[PDB]
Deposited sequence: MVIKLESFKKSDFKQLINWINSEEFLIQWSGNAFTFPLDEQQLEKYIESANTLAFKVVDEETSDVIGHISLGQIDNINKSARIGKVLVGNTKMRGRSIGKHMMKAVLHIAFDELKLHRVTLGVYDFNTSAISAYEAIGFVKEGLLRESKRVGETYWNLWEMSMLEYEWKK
């Protein structure tokens, strides 16, 4: 019930790697950002990436880290950014994590548009995002290759007047 975001650091790398146990789960979580297996050299490159904020999700009651989230593609010209790398490591927590990052994107960074992508079979996550204000814009058909098949990605967004009004 009480979560906060903190900066994701080297000491949090191993926990994240242990949560990402398959190539398909890696892709569901992060798309084209990484190769399987996830490892510390890739995570170092991730946190050092320009225009990317990496966060661990902390349960304030226990101090345990229970997930991960990122605000990336921070674009100061178009005033936009993309939420991604959404992970609820321990068994809505997702809603609280999204609200915390939306506060950063809209209220601290003063952005105009925040995007998100979710693969179409993750209907529970899509419903949760729609409940807090994300809107489906379009389904990017067979846009991610996974082995010999292709996944469809729902491109979703929220504009500043949907958050602030």
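Gaps between the deposited sequence and the modelled coordinates occur only at 92 to 96.
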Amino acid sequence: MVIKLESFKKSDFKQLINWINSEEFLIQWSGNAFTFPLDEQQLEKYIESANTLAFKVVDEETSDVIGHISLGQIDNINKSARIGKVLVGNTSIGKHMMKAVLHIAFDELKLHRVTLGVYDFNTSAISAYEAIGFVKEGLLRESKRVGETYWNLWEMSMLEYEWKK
From here on, numbers count along this sequence of modelled residues.
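Per-stretch averaging of Cα B factors for 16 to 24 and 152 to 160 places 16 to 24 on top. Two stretches are in play, 58 to 66 and 103 to 111, and the higher mean C-alpha B-factor belongs to 58 to 66. Residue 87 sits in the middle third of its chain by CA B factor, as recorded in the PDB entry. In the PDB entry, a CA B factor belonging to the middle third of its chain's modelled residues is recorded for residue 43. Residue 34: CA B factor lies in the middle third for its chain, per the PDB record. Ranked within its chain, residue 50 lands in the highest third, by CA B factor from the PDB record. Sort the modelled residues of the chain by CA B factor and residue 145 lands in the middle third.
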